[PDB]
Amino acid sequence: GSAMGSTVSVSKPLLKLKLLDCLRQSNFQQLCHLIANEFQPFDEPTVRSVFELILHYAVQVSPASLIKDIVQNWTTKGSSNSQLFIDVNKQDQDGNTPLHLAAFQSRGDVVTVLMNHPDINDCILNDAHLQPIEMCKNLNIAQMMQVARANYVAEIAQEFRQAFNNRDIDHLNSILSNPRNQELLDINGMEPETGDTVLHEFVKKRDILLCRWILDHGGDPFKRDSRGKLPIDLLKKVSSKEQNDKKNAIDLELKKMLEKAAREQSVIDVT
């Protein structure tokens, strides 16, 4: 075209029209071809704003076979550095994720695919403050989501305990790098066989490395054990003149860490 003709501007309605038609009638290779030919420039912000909702639109209008292909090919960690990458937890203009919409629409098979995604976050609140399971209109679908969550919680809580048993800071960090895990794990849970939280457990172990990690990831110094004791109560008092002697350096460091954590906890508890 002549250089004097204005560049065709990107229309969100027209992109959406083309995309929905494809998602309703076409397969994955046809969808890819549409992206290559019509979602250009691919980094143009209006283009991006439609592209990143493709999984939302697919849950609305597409067969489960196409949804599976989109999920398998564009949403796993292996494509996270590609242009064709969709965030499976993307929130739309109502705060809904694809899982919110799949639950709302009673698409049980799609709910299963999404709940099985290793990076799924079924704790995200939409703008109505609802989690995806709370969108269900069908009880059997809600129960499936409830049990799948309980299973996931059981597995990650066992993995969390294993990382502590291994003193494995990298593994612990990896577990909490998933926002879903930060919600579904309770670092302040009390072990019934001992009455201890992990903070009590590792204070008694004098494990400075692990106590610091626990206190940096929500460990609550005010949570008492089953006998009513705070973690700091577990360290014996040392007279002032001896406080800085080398033999007391371990418990002194734990005491200082617990005192600072208690100050920060006091603010959290009134916020």
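The numbering used is simple: start at 1 and walk along the sequence shown.
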message: Please compare 84 to 92 with 174 to 182 and name the stretch with the higher mean C-alpha B-factor in the deposited structure.
response: 174 to 182
Stretch with the greater mean C-alpha B-factor as recorded in the entry, comparing 39 to 47 against 230 to 238: 230 to 238
message: Comparing recorded Cα B-factors across 263, 24, 18, 12, which one is largest?
response: 263
task: Would you mind finding, among 159, 119, 122, 193, the residue with the largest C-alpha temperature factor in the entry?
output: 193
field: Chain third (lowest, middle, highest) by recorded CA B-factor, residue given as residue 215
entry: middle
- request: Using the B-factors in the PDB entry, rank residue 57's C-alpha atom against the chain and give the third, lowest, middle or highest.
  value: lowest
- prompt: Sorting the chain's CA B-factors, does residue 29 end up in the lowest, middle or highest third?
  reply: middle
message: Which third, lowest, middle or highest, does the C-alpha temperature factor of residue 203 belong to within its own chain?
response: lowest
message: Split into thirds by Cα B-factor across the chain's modelled residues, where does residue 146 land: lowest, middle or highest?
response: lowest
